[PDB]
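The block underneath contains the structure these notes are about, expressed in structure tokens.
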Amino acid sequence: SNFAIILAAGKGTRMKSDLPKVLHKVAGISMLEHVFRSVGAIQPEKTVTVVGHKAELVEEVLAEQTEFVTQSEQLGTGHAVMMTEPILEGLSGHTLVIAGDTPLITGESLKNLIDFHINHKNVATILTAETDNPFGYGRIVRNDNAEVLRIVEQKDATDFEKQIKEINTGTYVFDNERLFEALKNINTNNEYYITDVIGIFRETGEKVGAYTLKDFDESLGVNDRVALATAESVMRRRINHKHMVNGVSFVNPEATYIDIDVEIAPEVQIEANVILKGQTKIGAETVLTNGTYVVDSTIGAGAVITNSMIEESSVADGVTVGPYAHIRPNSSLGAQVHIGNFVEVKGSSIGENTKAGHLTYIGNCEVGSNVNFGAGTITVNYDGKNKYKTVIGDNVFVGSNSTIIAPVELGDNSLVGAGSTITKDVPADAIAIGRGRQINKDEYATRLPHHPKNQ
Amino acid sequence: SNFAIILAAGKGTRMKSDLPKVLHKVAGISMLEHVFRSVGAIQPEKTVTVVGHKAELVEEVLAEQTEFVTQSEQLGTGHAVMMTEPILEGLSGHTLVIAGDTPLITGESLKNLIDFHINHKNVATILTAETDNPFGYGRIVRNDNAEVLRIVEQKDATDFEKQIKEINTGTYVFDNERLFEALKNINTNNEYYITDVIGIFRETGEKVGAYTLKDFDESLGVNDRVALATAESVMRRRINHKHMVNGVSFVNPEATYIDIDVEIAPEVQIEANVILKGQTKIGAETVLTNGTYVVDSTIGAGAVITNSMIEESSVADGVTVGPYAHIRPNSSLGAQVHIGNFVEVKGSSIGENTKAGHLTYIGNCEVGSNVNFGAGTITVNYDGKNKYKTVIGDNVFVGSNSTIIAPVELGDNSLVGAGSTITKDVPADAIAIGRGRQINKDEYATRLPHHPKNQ
Amino acid sequence: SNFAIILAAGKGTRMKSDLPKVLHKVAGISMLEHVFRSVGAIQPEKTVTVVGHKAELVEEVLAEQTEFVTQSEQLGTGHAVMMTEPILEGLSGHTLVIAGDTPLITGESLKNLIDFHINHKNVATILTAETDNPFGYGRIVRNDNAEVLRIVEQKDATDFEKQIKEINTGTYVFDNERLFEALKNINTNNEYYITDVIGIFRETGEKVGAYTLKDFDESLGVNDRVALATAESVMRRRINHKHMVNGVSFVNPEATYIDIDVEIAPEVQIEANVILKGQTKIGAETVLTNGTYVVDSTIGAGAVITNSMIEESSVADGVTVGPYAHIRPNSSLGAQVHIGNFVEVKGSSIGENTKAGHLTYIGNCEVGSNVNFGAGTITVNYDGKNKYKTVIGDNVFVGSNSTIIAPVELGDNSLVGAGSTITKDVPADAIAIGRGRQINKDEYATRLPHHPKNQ
Ligand SMILES: COc1cc(OC)c(S(=O)(=O)NCc2ccccc2N2CCC(COC(=O)CCC(=O)O)CC2)cc1NC(=O)CCC(=O)O
Ligand SMILES: COc1cc(OC)c(S(=O)(=O)NCc2ccccc2N2CCC(COC(=O)CCC(=O)O)CC2)cc1NC(=O)CCC(=O)O
Ligand SMILES: COc1cc(OC)c(S(=O)(=O)NCc2ccccc2N2CCC(COC(=O)CCC(=O)O)CC2)cc1NC(=O)CCC(=O)O
């Protein structure tokens, strides 16, 4: 049986944030959540997360995923572990202790760590990593066999010891029953540290091993925003790598921003500086061009989103959007819809093959198929208090620069004259014209400011 | 005499693409095309490209640049070379064999390789490179003199051999007559490999040399999208380096996207995240700001394109465009034209010094010089079936938010009243007003929803 | 007493620019200005900048910050120093000689250099740096004690010397009185070089030391645009690091463009590809999304700027702007103002809680609080010659797609009908309607082009 303890009871200062550190986001979810997902690879029978500062925010994020215990004050990693004792005391198994601020440790690394632990019959295994700049890290001193002898902190290190490149990531697997017996010994003999338990086990000459991360960047502990941006870069290359391996082309995967749960079908083409966030799905052969920003939306197959922002919406196959369009929450663009430059669609369903190419606002409308909106078309939905709905049937022709004042209905095949203000229904097959009549006055431009003579 | 054989008969799986691998683009042209351009540096008398999968797509891309031969099925690099035998058999000269999927090898490297080959009287020269991680590569085993003894594959390598850092890039120069005699020997004695020919030459103790690429990244073989994005990064730094050496300033040449044939005059200033594609030309002192996207367009000298998209158009000296404007195919912006924010110009010619600063669509128009378009101006060109042309003379003043319904003509110096719908011609020096007359109704706002009392 | 001499009398060719080299910008100010700011850390009693080519442009930039001297022609770094002799000759102190084209040397490095010089009682101290590729640099030859023996140029170097990794950055501290005596000796015995003075001091066996930069990139001399972009990258990481340490989150600090004097409060969140320029200030908890571009503007606390461009303006707490909006010079957005997509505000003050969500131009207006602008609203301010002002009171409702022709006044609580053209004042509490009346014609759509039957 595997257990997991997650330390998320962080008090520290360098984030300069009211938000507790582990809840700071990387690729769309909290650090603490990345860690929970790696922890899931060991299939723990119990996961206890230790909360402290702003416990309830943390508890909202992992609600129903983990048991919680609270450490009422800072007193070391030892005390933090000791808060889990009433849940874990005496159970037989292997317990991972991991911090909620090392969001880059992979599930695959944690499985390798638990496997090493079990296979070598360690009582403790320290997850280590190798760096050419170990300043500040506790060092792993091995004897020649090559068991861990001890962990030596910077401030207590000899000069030969300072040259050890193998350092303590602060992540461990312990035989569970022994972990708690040792902690109680340390507890009654005393701020205490989980590293103290390594001391106890060397005193009883129980076997302490060390499993070395192949990639040191995975060991990053995030204490400030500079490390958080480092984590972000690392995770971005990771997620974009997965996308590319699956058949997604990236002009620049080092500068394209795709959250952890975004899904992307093979043959997608993504230019640099594209942003996909939340529960976004992109269908096969879809092209996303530089500046495109999609939050919580489904885009179908064969679409082209050019430099446009799509929020909480659904977009069918073959749709073209942009450049410079805004699809705002609860819109649906049916198959082969064209939305052009400087068009906003808000809360509206747009039937298949319909076109709005320019300078148009469609707000709170239900629109049929094969509709044309001339440039400058405005739907008017909000009077200061009520929001009204417009219903536009199939094959309606809304002439350029007209104003459709809801609640109105445009019937199938109707037409609205360019420049009209529309305040009443237009039946199927009817036209409606609400505009003023051109009157020319010869020669009069001669007396106006723009005229070349008056210059 | 130099000859070149290009291997482009790729079957492989990791691209997950219907598009044959060598046709995947890097900086605006196919890998295979980058390779053809490096191959051109050796001035070959014959270039034979070996096609296989989807031969005709490949043949379209190199049409009239190379002879083609087809390998009907996968049977090794040896067989692929052997398909060129009826073209090259018996000719006297030095033959480069190169893959169409190594798009970063430079012309200058290939010239250095052919020079080394000729000067050292090699019968074969392997293009090699040095890496600290040679896993998976065939290794170059030299004796002390230091001729090539052999090429050792991973799966056949001794452990001392596994530590060789000199690896086979899979690019070679051969004495031509000997290449084909050796291949026929291997052929009749047998999937066969071009590497087998190195074996034959060591059997006859003919001289096999090795020319080492100074930059290992040049040796990249692209097998999947992760390598394709690597190639893209490498080529981007290359092209941007050339631009900078020639006098172009880059806020961030690591994140600016300029295709291989774009031309850029000295003194240009390019912010990060700009995109130039296709046959684009940018004149002296032109400023391009972050987000700008130019495809197949000529921009003159002293212009400022702020965050705007210009397609298949021509833009004269001194023009300012943006932010957030769209110049769509077949437009011309004359000298000192201003196009402002949220303006689309489509298929229109705009005479010198004309201004459209806001929220305007100019579609299918011929526009004179010194024209002003007030904000919200819409040209209406398409009725559902016909597309019409508008003709606007010099010094016309089109008032804000008016609607110009084509086919109409606005004569020199004419003026259109703000808010008008225009459906007939306006003569030179005339004004035209087609709008409704303001009627005020005192106190009535008191009974509407927006009014502070009704809140 | 410390003195500083800055060499800014650059003639060279590889910039391909009319602009003198040191005036080329990095993060919003000239190289020469970065250098002046590092020089300020030593608290010099005198700073003399040596100008040559286009002296007056240079003199404008440092006007009132430094004494100037002119070198009328290229004759070496020795001559350039010698131009400062009438200002500095005979004064007792330590003189830094530094080039105006090494914009990455830090104030902290220069203080460490002056401290080393004084503490070791050097007569000269060369600022050195260590690189694994020293080709082209003069090398520092030390004896074992380990004083500087000499500086050896590439073209005069022995082969053992060519392997020295310690190179001359071309920055020095000198005992001032000795500097000038030595230069005059070299002068009367002779193009001459500041390095010649090291020769003189070794002849008199005066103590020549060397202080080694910890970071070699700091030593970059900018001679062309490729190095200028390198400087830009280095400075960008520096400025963004400072921001992060202070509590600003960066999705990608390697691709976010913040000038040297921009100020940013803790808890700000900045997506990649954001641009802050000039004297911009960003308040606490403000969110800036990808594409945002702010020049010389103050943004208050709790605002959200989504993909929008703000120039020379002021923006209060809680304001939301974007996506795709343009705030142009001399605008003020009061508290909780919403500016939505495809809206331009130019030279206007917008009272608190006012909303313009779409497709609107507000030009030269004074706007009260709680105003609503329906989509498509256009203010008309310029007639070809005069620019007029519009005054819009509190709680005005300007209906969608209307045209407000200045000079007009909309009184408190007034309403303008959607689609209206407004040419006269609307009193407080009045409505104004200036639009044409809808007329429907049944069945007539049947004979138009869009109709499904006519397809
Ligand atoms: C040229 O494109 C248009 C022309 C046009 O009127 C000629 C109108 S209109 O809207 O003014 N009129 C419709 C129309 C279409 C084709 C041919 C003729 C017409 N109109 C002819 C004039 C009108 C006659 O009005 C009446 O019937 C009044 C009542 C009576 O006389 O009894 C209507 C049809 C609209 C457009 N196009 C667009 O608005 C869309 C542009 C785009 O998609 O970007
Ligand atoms: C203030 O800027 C404008 C004012 C204006 O009317 C006063 C008009 S207008 O278009 O309504 N009229 C033209 C005009 C210009 C200057 C001075 C006066 C006028 N108009 C005065 C009222 C009109 C009189 O109408 C008739 O002649 C009716 C026939 C008759 O009485 O016989 C026309 C000129 C346009 C603008 N400006 C813009 O549209 C462009 C804005 C931009 O570039 O962003
Ligand atoms: C539905 O939203 C609107 C409706 C509307 O008329 C019903 C008008 S209106 O501008 O045409 N009229 C104002 C109005 C509001 C609420 C309820 C009624 C009205 N109008 C009723 C019709 C009008 C009657 O006109 C006259 O009084 C003529 C004179 C007379 O009969 O004596 C005015 C009020 C405006 C809007 N909304 C917007 O423009 C803003 C949209 C946005 O913020 O994006």
Side-chain angles (χ1 to χ4, degrees), chain A residues 355 357-358 361 363 372-375 378 380-388 397-403 405-407 415-421 423 431 433 435 439 441 444 448-450, chain B residues 355 357-358 361 363 372-375 378 380-388 397-403 405-407 415-421 423 431 433 435 439 441 444 447-450, chain C residues 355 357-358 361 363 372-375 378 380-388 397-403 405-407 415-421 423 431 433 435 439 441 444 447-450:
Chain A
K355 282 178 189 67
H358 352 247
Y361 170 46
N372 300 270
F373 292 95
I378 303 290
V380 181
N381 86 68
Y382 161 83
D383 66 7
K385 138 89 88 193
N386 308 98
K387 277 202 30 156
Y388 294 103
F397 197 87
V398 182
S400 297
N401 219 2
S402 71
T403 305
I405 300 182
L415 174 146
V416 163
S420 293
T421 297
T423 57
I431 59 166
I433 310 287
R435 81 196 179 192
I439 313 281
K441 179 149 94 221
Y444 191 77
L448 305 169
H450 67 99
Chain B
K355 282 178 189 67
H358 352 247
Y361 170 46
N372 300 270
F373 292 95
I378 303 290
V380 181
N381 86 68
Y382 161 83
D383 66 7
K385 138 89 88 193
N386 308 98
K387 277 202 30 156
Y388 294 103
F397 197 87
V398 182
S400 297
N401 219 2
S402 71
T403 305
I405 300 182
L415 174 146
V416 163
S420 293
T421 297
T423 57
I431 59 166
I433 310 287
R435 81 196 179 192
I439 313 281
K441 179 149 94 221
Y444 191 77
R447 76 175 74 147
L448 305 169
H450 67 99
Chain C
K355 282 178 189 67
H358 352 247
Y361 170 46
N372 300 270
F373 292 95
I378 303 290
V380 181
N381 86 68
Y382 161 83
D383 66 7
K385 138 89 88 193
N386 308 98
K387 277 202 30 156
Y388 294 103
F397 197 87
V398 182
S400 297
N401 219 2
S402 71
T403 305
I405 300 182
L415 174 146
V416 163
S420 293
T421 297
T423 57
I431 59 166
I433 310 287
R435 81 196 179 192
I439 313 281
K441 179 149 94 221
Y444 191 77
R447 76 175 74 147
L448 305 169
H450 67 99

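Here is the naming used below: chain letters follow the sequence lines, and residue numbers restart at 1 for every chain. Heavy-atom basis, side chains included; hydrogens, waters and symmetry copies ignored. Numbering of ligands and ligand atoms starts at 1, following listing order.
Among the atoms of B:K441, some N or O lies under 3.5 angstrom from an N or O of ligand 3. Backbone and side-chain nitrogen or oxygen atoms of A:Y382 are examined, and one is located within less than 3.5 angstrom of a nitrogen or oxygen of ligand 3. Considering backbone and side-chain atoms together, B:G417 places no N or O closer than 3.5 Å to any N or O of ligand 2.
Among B:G357, B:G399, B:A418, the residue whose heavy atom lies closest to atom 10 (O) of ligand 2 is B:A418. Nearest to atom 19 (C) of ligand 2 by heavy-atom distance, out of C:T421, C:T403, A:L448, is A:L448.
Closer than 4.0 Å to atom 41 (C) of ligand 1 lies at least one heavy atom of the protein.
Listed by number with element, the atoms of ligand 3 under 4.0 Å from a non-hydrogen atom of C:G374 are 40 (C), 42 (C), 43 (O), 44 (O). Within ligand 1, the atoms closer than 4.0 Å to a non-hydrogen atom of B:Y388 are 1 (C), numbered from 1 in the order shown.
At least one heavy atom of B:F397 sits closer than 4.0 Å to an atom of ligand 2. Put simply, no part of C:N372 is less than 4.0 Å from ligand 3, judged by heavy atoms. In this structure, A:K387 does not count as a contact residue of ligand 3, since none of its heavy atoms falls inside 4.0 Å of the ligand.
The ring pair (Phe, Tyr, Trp, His ring centres under 6.0 Å) check on B:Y361 picks up A:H358, with sequence neighbours excluded.
Under 4.0 angstrom from ligand 2, there are no non-hydrogen atoms of C:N386. Only side-chain heavy atoms of A:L415 come within less than 4.0 Å of ligand 1; its backbone N, CA, C and O stay farther off.
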